[PDB]
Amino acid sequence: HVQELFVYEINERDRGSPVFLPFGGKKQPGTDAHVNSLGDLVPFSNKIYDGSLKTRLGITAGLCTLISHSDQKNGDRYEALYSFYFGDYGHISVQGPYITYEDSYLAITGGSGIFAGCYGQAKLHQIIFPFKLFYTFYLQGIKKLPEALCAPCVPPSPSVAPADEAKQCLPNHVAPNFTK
């Protein structure tokens, strides 16, 4: 059966992330400005917190390949590969669409630790692109998640933020050996 795991991802502007590599080389007529296009590449790594926003869990880490830009939607389609690191709990890997202007479903490609052997899909919800994202992992194939990862979930909105104690990585507010 499916177990839902909720995760907040936030760019707290303190990891030098993301790195936008304009390799698509496309230029705007008249201005010669860069235009986002197939082949721009974007390494990145943000922080992740649990659904209650009270616990720092770890980080995301990976690489987005820009596929297309939409003027009508004011944003971009990327093809993404990245992992979520939850300290000693392990990691989950994902692959699939990252769309700046709408929600999408990524493949859960596997994991480690308590997530070893996991599979299924994960919903990516843009709360406020690019600083705040919210994931619902529909996890299959693994034992019952620990209660610490299943606290009542804060509903996402642009104003939500990690608890002070989680932002500060204090005792009682971090995953065991949370990923730095």
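When you see a residue number, it is the position in the sequence shown, counting from 1.
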If you average the CA temperature factors as listed in the entry, which stretch comes out higher, 97-105 or 68-76?
68-76
Looking at the entry, does 45-53 or 109-117 show the higher mean C-alpha B-factor?
109-117
Among the chain's modelled residues, which third holds the C-alpha B-factor of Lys123?
middle
In terms of the CA temperature factor given in the entry, to which third of its chain does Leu38 belong: lowest, middle or highest?
highest
Pull the Cα B-factor of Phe134 out of the PDB entry and bin it into the chain's lowest, middle or highest third.
lowest
Tertile call for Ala148 (CA temperature factor, within chain, third-based) is the highest
Give the position of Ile142 by CA B-factor within its chain, expressed as the lowest, middle or highest third.
highest
